[PDB]
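Same chain, two forms, each on its own as structure tokens: structure 1, then structure 2.
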Structure 1
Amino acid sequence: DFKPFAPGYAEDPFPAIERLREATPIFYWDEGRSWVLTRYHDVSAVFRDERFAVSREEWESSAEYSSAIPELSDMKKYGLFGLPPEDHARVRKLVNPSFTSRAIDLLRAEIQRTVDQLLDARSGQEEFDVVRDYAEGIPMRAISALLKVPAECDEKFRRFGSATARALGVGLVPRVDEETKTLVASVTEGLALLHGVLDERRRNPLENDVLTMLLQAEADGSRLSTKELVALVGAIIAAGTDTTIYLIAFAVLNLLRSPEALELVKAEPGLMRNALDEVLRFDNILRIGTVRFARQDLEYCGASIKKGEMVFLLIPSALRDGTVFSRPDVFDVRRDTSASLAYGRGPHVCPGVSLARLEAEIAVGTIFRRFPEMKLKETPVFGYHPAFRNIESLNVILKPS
């Protein structure tokens, strides 16, 4: 039984996937039209198995997929998930330096400012929603600061980011939870806006600037094409928005749920970094996981997988694998989290890992330092986002009494 859209699954998928993981390393998911890998070692292996491709054009349903949401056709083919291996490496080699911990450190001040202003704006009420009043307003500001886009454009870009991430699932994953017209509008509006931002930066290039750097790469030799560049910036916005919102929300939730964990991070603020990694290890935000496609017929974990068939890596399951993490069903902010696959492995490893950790460190660190007695008002509400165990609301009382 695998029903990742069943009511309750997002809130707590662990009993259901544990049953799966213990019974089998692999199964075919009817509605998902793909194989599903449940165990750490098989999941981890596939990340680094060149037999399994990332490009959706290797899928048996590629035609149906490329035709869906034609406004995103360029992003699908020239984006990081679509480029051929040689081109993918080129693009990553080009942008990776811009995302190191050192490079993104400069954003520290602006992120703190945003976090400060969100807390000042709303901390006074009876009720505070860690999603809508806090987490939701942080990640795009971070990305926009990195892109040197005015705070005025934040809301429109966040809408683009969140819409794009869902739209990319249409025809690929089972149940995208929104009206197509609305999705396409936000995507169109966002791409237009992005075009304007890029044209302006071409007009006024800047020093030590990611976009300027990309634009110069595009102008000079053959290091980056216009479509690759647009697909890259679009993907950065779409990949880095909702993911980070849920990290922040899940972090606060999990620290409210473990007084012992919270107490350790209060005692040793230096543990926050490890705690945030353990949030994704213990309670991974992905509903199912990520996908790969078989480039040829092969046998795997006792299954006969055919060329072009999709495979889902069941991340929240692999990350509860007891052969890899001891006491895997315990949230332990002191554990070694090195083996967590939350940010991927191999050439496609998430470039935003440092930016995400920084944003969450500032956001989660600040809220608990400023309101150390914060308490859950009532059970968080979860939704049916096709990719995420999305928290819709996380209502708290900042200073209870």
Structure 2
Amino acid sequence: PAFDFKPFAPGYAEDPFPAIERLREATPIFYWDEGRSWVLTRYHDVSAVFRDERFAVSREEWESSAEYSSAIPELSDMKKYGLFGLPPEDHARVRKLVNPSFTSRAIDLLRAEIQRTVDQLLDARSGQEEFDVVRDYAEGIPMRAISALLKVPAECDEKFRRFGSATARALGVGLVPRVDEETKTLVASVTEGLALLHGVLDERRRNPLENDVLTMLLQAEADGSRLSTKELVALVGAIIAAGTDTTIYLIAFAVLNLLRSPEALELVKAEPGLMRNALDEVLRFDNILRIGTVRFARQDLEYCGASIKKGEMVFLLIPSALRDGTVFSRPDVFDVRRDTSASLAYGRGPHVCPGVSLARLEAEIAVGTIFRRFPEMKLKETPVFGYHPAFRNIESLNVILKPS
């Protein structure tokens, strides 16, 4: 019961539910075989850990703090001075410093730009031959959004996406046995990223702008002292890496689920206003993650029958927690008219996702346009699923915009 767990077993990133259900039903918390980290699977236990001050997100309360003083020494300052490397206090400070630039009203100004990119991708490979929603559509949206936000030209767009992808899989190199890319190039992508990032920051420092996120941050460091070089460059790099693949897999999953559910798609056609809720149910019904989010214990305790090593890692199994029958009625149903307030897709507590509104705005316009301009769009072949350490990645998704 509390036994097996094959989060990399082929056919899991396509349908991990039938398997992860059983762990859930039986054991409210097991101990992943090779993992040396427990694995919570139930909703109310998963949630409580989030807003729980007894747990931590960092390594200075791990089994080894000197485990990240090794392997990829280049992201050192990003793990120590980044959003997951700041002790609780320091983290509250940087968040309130940055949160306001992420409110839905603040990012709203990025609509025309995003639509703009959304049309170029569409109207540049339509009436061609075939269309891959990942490679020809999603992959090209998220970096353009963040670039517009930091006010970087569309030329740096390719460079930065390669940087965030690399970084996301690399920072997860201590939490999971395998990876999708190789340490050689991956390391080049990170170094080359920090490189550009340092040029971008020197120029903004030189030519500051009004009502601007980098400008603002550059002051709060060299002014009043609420932010520091380290915590800053870390901050920007985290943001890119944290909101690159995630948004890609939201957009992709959504199209897939609107193709896998004509009921659902016939409702978002009748009342577009559902699209915002639909996209939230997409993460609820079928989460982009593989295992979840990670918390390290600070001091021994026995959460639901389990004494844990002061420093021992714990995974919050987010795909299953969102399939919890006691919280969501008919939980194995993709229902666009459902109440999704309880979703934990974007987390809970002090580290709740600051990119939530941006992510919704991007997919709202990504998913809304393509369907509206290609309503008869149907799937082509079965969708392929890679082996990313952090989440169920979908490498391919081809469809026919208008059959015949």
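FYI, numbering is relative to structure 1, first residue = 1. For the two forms, the rigid core is made up of the largest set of C-alpha atoms that agree within 1.5 Å on superposition.
Looking at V170, what is the CA displacement between the two structures after core superposition, in angstrom?
Comparing the two forms, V170 shifts 1.5 Å at C-alpha.
After superposing on the rigid core, how much does the Cα of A89 shift between the two structures, in Å?
Here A89 registers a C-alpha shift of 0.3 Å.
With the core fitted, just quote the Cα shift at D30 between the two structures, in angstrom to one decimal.
Once the two forms are fitted on their core, the shift reads 2.1 Å.
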